[PDB]
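# Coordinate analysis (summary)
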Amino acid sequence: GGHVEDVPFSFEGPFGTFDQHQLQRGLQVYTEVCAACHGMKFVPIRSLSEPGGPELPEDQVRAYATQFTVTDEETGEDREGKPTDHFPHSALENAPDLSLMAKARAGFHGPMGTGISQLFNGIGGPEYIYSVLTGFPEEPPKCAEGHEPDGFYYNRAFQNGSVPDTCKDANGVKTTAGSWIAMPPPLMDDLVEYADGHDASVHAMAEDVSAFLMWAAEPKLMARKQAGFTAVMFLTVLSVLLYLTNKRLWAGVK
Amino acid sequence: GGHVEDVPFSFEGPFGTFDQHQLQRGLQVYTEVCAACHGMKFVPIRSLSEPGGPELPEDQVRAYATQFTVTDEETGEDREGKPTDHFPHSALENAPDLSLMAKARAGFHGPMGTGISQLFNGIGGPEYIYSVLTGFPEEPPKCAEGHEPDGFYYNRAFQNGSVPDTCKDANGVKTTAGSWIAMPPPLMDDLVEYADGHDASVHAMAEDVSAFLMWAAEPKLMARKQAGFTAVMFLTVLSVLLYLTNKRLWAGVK
Amino acid sequence: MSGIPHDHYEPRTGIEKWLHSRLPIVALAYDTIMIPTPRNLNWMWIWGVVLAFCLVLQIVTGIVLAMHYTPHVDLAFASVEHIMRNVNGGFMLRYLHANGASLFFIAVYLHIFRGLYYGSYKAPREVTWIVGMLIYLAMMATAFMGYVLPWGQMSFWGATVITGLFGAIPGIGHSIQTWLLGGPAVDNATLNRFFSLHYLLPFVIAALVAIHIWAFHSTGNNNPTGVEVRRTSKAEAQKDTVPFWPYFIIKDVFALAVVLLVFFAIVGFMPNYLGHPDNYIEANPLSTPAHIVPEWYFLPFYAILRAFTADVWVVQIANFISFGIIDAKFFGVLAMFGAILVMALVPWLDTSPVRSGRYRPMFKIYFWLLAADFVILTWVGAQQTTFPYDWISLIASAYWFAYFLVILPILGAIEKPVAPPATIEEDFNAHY
Amino acid sequence: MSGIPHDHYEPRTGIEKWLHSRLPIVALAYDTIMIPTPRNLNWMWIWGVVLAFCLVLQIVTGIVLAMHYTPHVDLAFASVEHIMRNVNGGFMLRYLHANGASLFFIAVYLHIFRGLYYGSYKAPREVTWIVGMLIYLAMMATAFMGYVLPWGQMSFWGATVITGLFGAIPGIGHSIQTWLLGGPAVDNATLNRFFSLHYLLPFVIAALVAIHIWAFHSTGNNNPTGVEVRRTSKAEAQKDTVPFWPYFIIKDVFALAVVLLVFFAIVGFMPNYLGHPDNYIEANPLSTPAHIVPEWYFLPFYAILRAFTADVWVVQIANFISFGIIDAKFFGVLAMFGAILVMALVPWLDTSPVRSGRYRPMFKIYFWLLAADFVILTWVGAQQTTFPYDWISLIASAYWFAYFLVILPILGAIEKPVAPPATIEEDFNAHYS
Amino acid sequence: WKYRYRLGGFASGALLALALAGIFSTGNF
Amino acid sequence: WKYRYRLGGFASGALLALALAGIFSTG
Amino acid sequence: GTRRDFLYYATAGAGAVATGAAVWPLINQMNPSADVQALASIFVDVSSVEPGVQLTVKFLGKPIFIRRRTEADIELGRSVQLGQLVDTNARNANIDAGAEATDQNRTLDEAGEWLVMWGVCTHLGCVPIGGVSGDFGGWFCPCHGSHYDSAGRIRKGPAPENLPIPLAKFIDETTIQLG
Amino acid sequence: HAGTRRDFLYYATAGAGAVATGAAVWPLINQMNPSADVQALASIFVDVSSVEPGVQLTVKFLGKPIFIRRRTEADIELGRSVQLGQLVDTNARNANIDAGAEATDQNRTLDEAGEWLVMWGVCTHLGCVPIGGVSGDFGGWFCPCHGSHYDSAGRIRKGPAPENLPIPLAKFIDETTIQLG
Ligand SMILES: CCCCCCCC/C=C\CCCCCCCC(=O)OC[C@H](COP(=O)(O)OCCN)OC(=O)CCCCCCC/C=C\CCCCCCCC
Ligand code: HEM
Ligand code: HEM
Ligand code: HEM
Ligand code: HEM
Ligand code: FES
Ligand code: FES
């Protein structure tokens, strides 16, 4: 993963939480745009009503579910989707499944492999997702304008792509910060209308989907934070009372 | 099934073995007649070439497999059968799978719940199969001469079937020995042309196919008996040596 | 060690002395194998070694089979057929594990009835008896969950019935049932957790067996006379006893070998006789087979469960006085557990001072009646619930309970026992 | 037991009379827990209790997870998602188990380096050291097989690399690899047998730990001075010792509570930091990740493995003299095992009679070099095998062998140790006057 | 009497552990 | 000389088990 | 002073809770997971059948019976008086909880032709074998020999309760909703 | 005769117990050897077609994709239009040939007549299945995972690193069509 813009998402840090509205916006954008190619085969549709997620009402989740056509795993007949179904697999064969992409990508590295950057900044998966979505320039790098691979697009964040020979340094080393990706620039200004009138810039939509994809990768992050706090409190109290008991005991021998 | 015919089969007893030619005849009978309705989803077709079975040449098994065609996992589409494929599922959903039928049925019972009949006669599985195949009489029991079910056929070996209330008893349970089975009488004399010129009577074909289904249920009966003999010999030698050791050792304590 | 006068281990080889000064593992092993053992033991004492063998066999075959089984309701039956059909020796390994569970329950029923006859549960041996009861309960759970694993028709409907038993507990029972199931029905959650627990519990059984061995070493072995080894001196102890190695090690290994000759003969030539054909049918939640019969070692308890129908007078009384809190369902479940509970309490219910039953001329009768009753309970378990088998099973269950709760307390108050020998040496000499 | 004068258990209450006469389990427990322990132990003696806890944590979380995981390639990753997503607390149970493996390995490395410094491997404790090494090897195998179980990209390709090492062994290696895998390649038979063996080995580890605890109860604890407790009398023994309960039980449970406070902070607020993100990608046997890194506690041995190549002079010599039977691949595999073996043999390689490194003024330098070198191997194992990391890896690997095979044998001839204090009581009173 | 110092210890530990975990469940630091 | 009977016995008992389990079961 | 063992019990308390709070999740993870919770409600509709035979339909992991009873079984003289049953409750989700175990309160229709039930024996959950098995018509449970009459009412054996009637209603004369 | 000695008898019993052990252990480790997997070496018979992307298939063998390629209408032409000195990855590196050869266009083939050649679809120097279909401008393959292009002969010239698309055991090829054995 290429070096990301350090987006200040609201869920970061021990007290960070998901904004339900931002999650709903990201879900909307995913539904209107990304679901054309990317699946979420590990995400159960019923999770849309789960506490700490979008918390859509159950009838609205049911309405949402019915838009999908599901080959019934027992009947073989095609039917409307149900909340107990998962999101479809990726319709486009080479589009990666997004159920875990916000965990399956690191945006921060090193320095020198020491990992301290990931220690402070976290893994940076949402920031990577945002950087890819924001990473299509208005025009290619000035080098090798005659050699762009057909059917691919330059992205500043993507590092796994093909690179023209003319852009490779003689050592086989990438001169460009980015590389060419098969993903066409997916977002466009005001592409999705937020009914509340929220900002529909590409940056806003990219952030909202990055937050939604973070929730898709860790729906129970909130509960993990709360268990973390309650455990830390129990072990703090236990630590202090054991320290005082140890001190009282060992004072008796010296 | 009660009062199954105790057919002598060559594989019976500890020295019993499969007749390879009887197995090939049973395979032919199954393939031409029975395989239309029933399947053998647990039997790998390649096993027809393996020792102790029909032991067909691998090129013949490959030709045999090509008669099938299967929805291959990699192509998602109908693809001609290969020896690594299994036999197909039952084409008629009503018809049970035969892969284990010769083990899943008891022909012998009691006396008086003691299990001694099974202790001498064995489980009676292929004997039960033969009795069911041979079990269709020429004439119904005449208790429901105008009153028997239409979609079902009386069989004197089958016990789980429906019974007409004129044949049924409240005081007892059931007048007739058998019951009515949904399977039409499957065999007819000379229905299968044995290229060997062997007897193709209903009796002979029923024996041959029952032996084939026995091999289908226990394809390694031969190896199991060989291992039985080997272990019995080792434990006999060890038991005699341990007896003489114990006697010569305890003769000191006298 | 045991309180029998004995020679302690003495390291003599250089490596022996180097190790013994650092870890007395060899000293403990020597003490374990050299324990002075009563010389008058008969063939009923072999079953402890056969039980250890059965445990080792079932563990090792489980571990091997666990490399190929798949604990999923779409794959379990197919993976068992894969074991039966493709794996090198897999058919034999599976028939070994399946018949070994029967061998194991045979050896524990003979070990139990030995202990009951010779009074091996009496003081000071109540603790080794209790550890034995824990071992037996763990074996029962292990074998049940193992039998659920093939996901045949019998596996599925057994898993259904047995989880219903916990549902029978008034009030909380539905919670325990749904916690065992993980849901409203037997499904993949049940199979997968039953696999995990069937893997776990044999190691618990092994640790309990280790504690059982330590317990009986700590008391010393009982013997057919029930007279203790003379503790006075080495010279007297050596007359009453002989070292366990080699004499009884070789005796037990001989008996094990001759038992396994029949075991491997069965596994070779008739491995399906003890099983159920219906478990070769894939589980079908929509139709129960017409031959619902537990694996044979559970049949006495299944018989006791079935014996108490709602018309049984004691059940009606209990239902009345409980104001409906007890019913035939819950009464039957309580009885089916009481059958084991009351057997665990036998060290305290037997009031008699005399240890060995062979000097108890009335006790012999009720004991052999109990053994016949246990056979009847096994046999009635396989029969239908119609007349007369309802009466037979009810009478059998009543005698089972009456033996522990009435007959044993009375006999110790009224029996006129014979005088046992003065010493084990005397008995051994009298028999040569 | 240990030879230290001590009070045996006597049953007090009637119930204690009834049990103790029948089964001395309470007596054994008392004799274990009341063991007289040197007064001068420092915080480096906590790690055994941390390890004992970690074994319980791993066992109980594994058993819980084993109720929900499915060992099949079509279902394993999906069942791990089911754990993360539908099971009550299943996310925490997984993260606890995965980070608890790292906790377990850092604790064993601390416990080993404590032993290496204070000389707890020396006579009469060689058996305790050997049992420790067996425990460590069983942990290594357990953790590897466990890391294969989730069947991500890193699980599959790491297994494919590591199982490839057995393929290096001349002649038999192809048979050994095939028997391990159950085929030519990492596949469902590998996942299922690895699941079975991963369930099995924790109980074998627990048995070895029981033998380990019996071994040290059979020798008594070492202490920072290396000076043994006075066997002469109960008076002198008590002057040198205090009972393990309550003093050191409460000390170690306090230190455990602090270690678990930091562990649960990690598990709460950053559980994915130790993991590898590519293991959130399903195994794709066609498409290798850009860089396969085995997880951190394997890296120093994987570093040693990669550090030797046909470019290396000693490898060229080994190839020449072996007629190419020792190719660089098998040389590297032999080195990777030799690194663990030579640490196992350390009770016989350190010739010096002085036990504690505290009094060995030159040994301290080479020990702290070995510690830095272990850190360098851990870090270099993650780096790409180009210049200069090839040099840093080769030099570190060479120093690892040079420490056990050369420096330790020579120091026992050359070193001029300080004189230890006369007794543990003196050393204790010197701090706590 | 004596036991209420023990039991009061028992009770004191209970409320203190629960209350502090409750406070942090308000998430307001 | 020593190991006359001990070694000879061991090999005899081993081979005999291998013989009588093989040939009579196979033939 | 005694504040020593005050402190020692406070630390012991913090300990026993820290362990106690660790143990409960190991139990609660076996309670029904949110997917199994979600399957607790399902919608389905099922069609017509000839008289004298029964269907079966899966729901909630268990069978639903649908029998269209014979003339002999819709009538049975209605001979069973309410005072000779074992269980006198209708066990019917479609009517009040004070309903009695009467033939018409068991059936779904007014004539008594249509009887819809859980196919689950109220003893321990086995499927009762139907046709006209048992000694009172109706069904017979093979597992412990409980007998149900033609109305699915418990007559003999270990079962405590009549076969429960799920929430179900006709949509058309040809089909019946279950959810 | 055998000796009358007791220790003779004792050691004979130890021998019988030793072999009764060894014959019991071997099945427990043998079962871990391949079982159903040995039939992964299937015969891969297919119906014929002319034209290279017609009959030729990415078909799975040894659990992994393969290419079997008649040098029909592009591969022999381009094979007769790429020099041995143009290729990078040199040695024949081939199991169906007996011994090495430099950068050879044929002898990658089953036959010295060189009418069929075969290679693993699983491009193995890292891991990919490069897109065949005679595509890539030497008429061979190109790798989306890695960016190499391949000779129609299955041999590397352009790309980050030189390894040829590797050659498995194949022959017989008799029914005008894909076959293995
Ligand atoms: C299988 C391994 C299981 C391990 C379980 C460990 C559990 C730890 C949880 C609590 C233990 C906490 C520390 C207790 C320290 C006691 C120290 C001690 O030895 O003294 C006992 C001390 C007497 O002192 P002396 O022996 O005379 O002098 C000491 C110097 N010779 O006895 C006491 O009066 C204090 C005993 C403390 C409680 C012991 C019983 C604990 C059982 C249950 C209590 C838990 C209640 C929890 C309530 C929940 C509250 C949130
Ligand atoms: C895993 C199964 C078991 C094993 C491996 C085992 C092991 C042993 C062994 C080796 C002995 C000594 C030799 C002998 O008496 O045969 C023994 C004795 C005994 N066992 Fe078991 N046992 C098992 C189960 C049981 C059970 C289920 C019970 C009863 C509930 C039981 C109760 C006893 C008793 C009372 C003794 C006699 C002890 C004495 O003589 O002092 N054991 N056991
Ligand atoms: C106390 C020792 C054990 C007992 C009494 C026992 C009993 C059983 C029984 C009765 C079955 C059913 C077999 C059948 O009839 O089809 C079974 C199956 C099974 N057991 Fe065990 N078992 C034991 C140990 C183990 C262990 C330790 C493991 C795991 C390592 C294991 C793994 C399995 C598996 C995978 C199956 C299903 C495959 C099969 O059919 O064999 N078993 N067990
Ligand atoms: C020595 C103690 C143990 C160690 C060091 C250990 C280590 C590990 C590791 C490192 C993983 C990979 C975690 C990941 O990154 O996904 C794992 C997974 C796993 N372990 Fe363990 N383990 C231990 C004990 C156990 C036990 C006793 C079981 C019981 C069967 C078990 C069952 C599992 C299962 C099912 C998985 C895969 C599912 C998952 O947790 O992700 N483990 N183990
Ligand atoms: C499962 C992991 C292990 C556990 C639970 C364990 C347990 C223990 C415990 C409780 C102690 C006493 C307290 C202490 O000294 O910290 C101890 C000491 C010791 N351990 Fe371990 N150990 C483990 C692994 C190892 C390893 C990997 C080694 C090194 C190869 C090792 C070598 C030693 C030595 C030399 C001692 C000192 C013995 C003495 O002082 O006489 N242990 N161990
Ligand atoms: S389970 Fe249905 S009658 Fe008992
Ligand atoms: S792996 Fe495709 S040529 Fe590089």
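The numbering scheme restarts from 1 for each chain and tracks the written sequence of that chain rather than necessarily the entry's numbering. Residues without coordinates are not displayed. Whichever chain is written first becomes A and whichever ligand is written first becomes 1, with later ones labelled in order. Hydrogen atoms and water are omitted, and side-chain values are computed over all heavy atoms in the structure.

As deposited, the entry is annotated with cryo-EM as its determination method and 3.75 Å as its resolution.

## Side note on the coordination of the iron atom of ligand 5
All names here are of chain D. We count it as follows: Metal sites are built from N, O and S donor atoms within 2.8 Å, or 3.2 Å for Na, K and Ca, and they leave out water, so they may look incomplete. Irregular is the label for any site that misses the other tests, which are tetrahedral for four donors with all angles between 85 and 135 degrees, and square planar for four donors or octahedral for six when opposite donors exceed 155 degrees and the remaining angles lie between 65 and 115. Numbering of helices and strands runs from the N terminus, with a helix taken as a DSSP run of H or I at least four residues long and a strand as a DSSP run of E at least two residues long. Think of it in three bands: with a 1.4 Å probe and only protein chains considered, a residue is buried below 20% of the maximum accessible area for its type, exposed above 50%, and partly exposed in between.
Around the iron atom of ligand 5, the donor atoms from the protein are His-111 (NE2) and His-212 (NE2), and they sit 2.3 Å away. Relative to the metal, the 6 donor atoms surrounding the iron atom of ligand 5 lie at angles of 66 to 179 degrees, and the coordination shape comes out irregular. Placement of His-111 in helix α5 (residues 90–118) and of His-212 in helix α9 (residues 188–219) is noted, with a sequence separation of 101 residues between them. For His-111, a relative accessible area of 21% puts it in the partly exposed group.

## Details of the interface of chain C and chain B
Note the threshold: The criterion used for residue contact is that any of the two residues' heavy atoms lie within 4.5 Å. Throughout, the accessible surface (probe 1.4 Å) given up by two parts as they are put together, summed over both, is called the buried area. The rule for a salt bridge is simple: a side-chain nitrogen of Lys or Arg has to be within 4 Å of a carboxyl oxygen of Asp or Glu. Each polar contact in these results corresponds to two N or O atoms within 3.5 Å; when the atoms are within protein, one needs to be able to donate a hydrogen and the other to accept it, and residues that are neighboring in sequence are counted only if both atoms are side-chain atoms. Under the convention adopted here, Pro, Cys and the residues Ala, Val, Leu, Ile, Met, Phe, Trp and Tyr are nonpolar, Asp, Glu, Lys and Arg are charged, and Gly plus all remaining residues are polar.
Residue-level contacts link 40 residues of chain C with 44 residues of chain B. Both faces considered, chain C and chain B share a buried interface measuring about 3,600 Å² in area, 71% of it formed by carbon and sulfur atoms. Sorting the residues of chain C by area buried against chain B places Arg-85, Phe-269 and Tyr-273 of chain C first, and these three jointly supply 22% of that buried surface. Connecting chain C to chain B are 1 salt bridge. Of the charged contacts, one joins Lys-41 of chain B and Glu-282 of chain C as a salt bridge, the two residues approaching to 3.0 Å between their closest N and O atoms. Where chain C packs against chain B, one counts 10 residue pairs in polar contact. Ranked by residues supplied to the side of chain C that touches chain B, first place goes to helix α11 (residues 244–269) of chain C with 16 residues. Partitioned by chemical class, the residues of the side of chain C that touches chain B number 31 nonpolar, 4 polar and 5 charged.

## What to know about empty space enclosed by the protein
A water-sized probe rolled over the atoms picks out the places where empty space is left. Threshold: In the cavity and pocket records, a cavity denotes points on a 1 Å grid over the protein atoms alone where a 1.4 Å probe fits but cannot get out, a pocket denotes an open set with protein on both sides within 12 Å along at least 5 of 7 lines, and lining residues are residues with an atom within 4 Å of a point. Grid points are joined across faces, edges and corners, and a volume is the space filled by probe spheres set on the points.
Enumeration according to the criterion identifies 12 cavities of 30 Å³ or more in this entry. Considering only enclosed or pocket space, the largest cavity measures out at about 1,200 Å³ in volume. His-97, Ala-98, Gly-146, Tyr-147 and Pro-150 of chain C are the residues nearest the centre of the largest cavity, which is lined by 47 residues in total. Sorting the residues of the lining of the largest cavity by element identifies α3 (47–66), α4 (76–85), α5 (90–118), α6 (126–148) and α9 (188–219) of chain C as the ones contributing at least two each. A per-element tally of the lining of the largest cavity places α5 of chain C first, with 9 residues. Taken together, the residues that form the lining of the largest cavity break down as 31 nonpolar, 12 polar and 4 charged. Of the voids in this model, the second largest cavity is the one considered here, and its volume is about 130 Å³. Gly-158, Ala-159, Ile-162, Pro-294 and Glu-295 of chain D are, among the 15 residues lining the second largest cavity, the residues nearest its centre. Of all the elements in the fold, those that place two or more residues in the lining of the second largest cavity are α6 (126–148) and α7 (153–166) of chain D. The greatest single-element share of the lining of the second largest cavity, amounting to 6 residues, is contributed by α7 of chain D.

## Overview of the state of the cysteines
Defined as follows: Here, a disulfide means two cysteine sulfur atoms that sit within 2.5 Å of each other.
Enumeration over the complete set of coordinates arrives at 2 disulfides over all chains. Here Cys-126 of chain G connects covalently by a disulfide to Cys-143 of chain G, the sulfurs 2.0 Å from one another. Its S-S torsion of approximately -90 degrees makes the covalent link between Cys-126 of chain G and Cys-143 of chain G left-handed. Of this pair, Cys-126 of chain G sits in the loop between β4 (114–118) and β5 (139–140) while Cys-143 of chain G sits in the loop between β5 and β6 (147–148); the two residues are 17 residues apart in sequence, bridging distant segments of the chain. Each of the two residues, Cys-126 of chain G as well as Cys-143 of chain G, counts as buried. Residue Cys-128 of chain H pairs covalently with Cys-145 of chain H via a disulfide, S to S 2.0 Å. Disulfide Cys-128 of chain H-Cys-145 of chain H: the torsion about the S-S bond is 65 degrees, which places it as right-handed. In this pair, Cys-128 of chain H is assigned in the loop between β3 (116–120) and β4 (139–142) and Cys-145 of chain H in the loop between β4 and β5 (149–151), connecting sequence segments 17 residues apart.

## Some details on the domain arrangement of chain H
Threshold: By convention here, the domain bounds are inherited from an automatic or database domain assignment.
Examined at the domain level, chain H breaks down into domain 1 (3–35) and domain 2 (36–181). Here domain 1 of chain H and domain 2 of chain H have C-alpha centroids that lie 51 Å from each other.

## Here's the deal with the sheet that holds strand β6 (residues 156–158) of chain H
Residues and elements named next belong to chain H. Formally: We call two strands paired when DSSP finds no fewer than two bridges between them. Whenever a helix is involved, its axis is fitted only over the stretch in contact; in every case the axis is a line through C-alpha atoms, and angles between N-to-C directions fall within 0 to 180 degrees.
The antiparallel open sheet is built from 3 strands, whose spatial order is β4-β5-β6. Of all strands in the sheet, those with a lone pairing partner are β4 and β6, marking the two edges. Recorded for the sheet is a direction-independent mean angle of 40 degrees between the axes of neighbouring strands. For β4 and β5, the ladder comprises 2 bridges, and the chain directions are antiparallel. Pairing of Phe-142 across the sheet is with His-149, part of β5.

## Let's talk about the site of ligand 1
Defined as follows: Whether a residue is near a molecule or strand is decided by its heavy atoms; if any one of them lies within 4 Å of it, the residue is near.
Close contacts around ligand 1 come from 15 residues, with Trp-245 and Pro-246 of chain D, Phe-10 of chain E together with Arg-4 and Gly-13 of chain G the closest. Residues near ligand 1 are shared among chains A, D, E and G, making this a multi-chain site. Separating an oxygen atom of ligand 1 from a side-chain N or O atom of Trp-245 of chain D is a distance of 3.4 Å. The separation between an oxygen atom of ligand 1 and a polar side-chain atom of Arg-4 of chain G is 3.1 Å.

## Side note on the nonpolar core
In a soluble, globular protein the nonpolar side chains are often hidden away together inside. The condition is simple: Buried residues of nine kinds, namely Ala, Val, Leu, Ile, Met, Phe, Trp, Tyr and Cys, make up a nonpolar core once their side-chain atoms join them within 4.5 Å.
By size, the foremost hydrophobic cluster in this structure holds 307 residues, and its most contacted members are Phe-404 of chain C together with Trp-400 and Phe-404 of chain D. With 17 residues, the top contributor of residues to this core is α5 of chain D. If sequence neighbours within four positions are ignored, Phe-404 of chain C has contacts with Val-342, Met-343, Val-346, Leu-349, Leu-370 and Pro-409 of chain C.

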